[PDB]
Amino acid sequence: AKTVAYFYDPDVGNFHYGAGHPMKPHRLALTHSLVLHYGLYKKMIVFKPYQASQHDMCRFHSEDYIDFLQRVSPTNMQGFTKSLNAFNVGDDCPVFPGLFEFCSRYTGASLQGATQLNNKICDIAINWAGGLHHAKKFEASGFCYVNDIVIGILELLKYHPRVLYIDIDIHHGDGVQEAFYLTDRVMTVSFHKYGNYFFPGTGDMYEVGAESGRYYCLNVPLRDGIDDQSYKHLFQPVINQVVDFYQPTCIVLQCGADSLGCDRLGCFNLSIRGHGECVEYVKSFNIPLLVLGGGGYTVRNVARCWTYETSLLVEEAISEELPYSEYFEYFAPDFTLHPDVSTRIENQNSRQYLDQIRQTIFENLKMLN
């Protein structure tokens, strides 16, 4: 029935951010490995993806910022001290070999996905390499250099009057929210841990948009330890009413796996099944769908999450047992698709808090009829 395009870049995983850095591009290699060994490619149109140029990128980002990303290298940094500070490169966003190639590679696939949805080449396009939602017009942020999401949504807007952006990463999708804050042509919905200066420190419930974009931006701020059932209890009602009221002609879903229990950076308690319930619910609306990756810092769990979500998107029930492959040992000791990722830590989201949250969200939603 549904045509699913899947972008497989054999090279996009062969990068390393540096010693100590939680972002591991090779998590994309593990994901592809499992996706292929499960035979899921048989249900998808698999593309070696387009690579984005500065021309593509500068439809959103500044010319000098992108220029700097091409110019800076591990060996020439000493002469770029002021630029590193100005462009916010060097800390969360380090200089590593192949930085620009990696950006071009992940962005390109997002853009091609948008392009194929526009052309009705497919119903669902998947780029696990994309979804770097923090990057701003002229600064790097939060492990993200180029905001492939905004670039992709710009492309969708050529044909789509209304684009719904849904962000499931544990972090507030601030870069996407900023780019589109003043317009009603993209509605940004973000669920995230908020409070106690947890990065990026924004995505307060009162951030609802401005100018003609007032009420076309929605933030759901959560505390530590949210579980499947509680998350589902918010997510499904909110999204259902967003779709009804806003009537998007296209959806962009950022599927950051750092909202899983036992994530290296995250403090949520979602299972792989719970996270997949969100993806499947978005799929149920039968609206053209661009599916992106994003955060995810327990490599072994990230690869499995996105593999399982691939199988859902393709409507294929795959075995709990992982097939043997070059990365089999990464999945020790269980070697299973659905390991226990429970935090076994107390959920900080009281019923009162969630209802106080619930009531302000639906009040905001009322403004769109």
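Start at 1 with the first residue shown and count on from there.
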Which of the two stretches, 207-215 or 91-99, shows the higher mean Cα temperature factor in the record?
207-215
With respect to the recorded C-alpha B factors, which stretch has the higher mean value, 23-31 or 40-48?
40-48
Of the choices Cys122, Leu265, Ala257, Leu253, which one's C-alpha carries the largest B-factor in the record?
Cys122
Residue selected from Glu139, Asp174, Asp167, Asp148 by maximal Cα B factor
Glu139
Per the entry's values, where does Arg185 land by CA temperature factor relative to the rest of its chain, in the lowest, middle or highest third?
middle
Pull the Cα B-factor of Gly225 out of the PDB entry and bin it into the chain's lowest, middle or highest third.
middle
C-alpha B factor of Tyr297, ranked within the chain: lowest, middle or highest third?
lowest
Determine, from the deposited record, the chain-internal third of the Cα B-factor for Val291: lowest, middle or highest.
lowest
Pull the Cα B-factor of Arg71 out of the PDB entry and bin it into the chain's lowest, middle or highest third.
highest
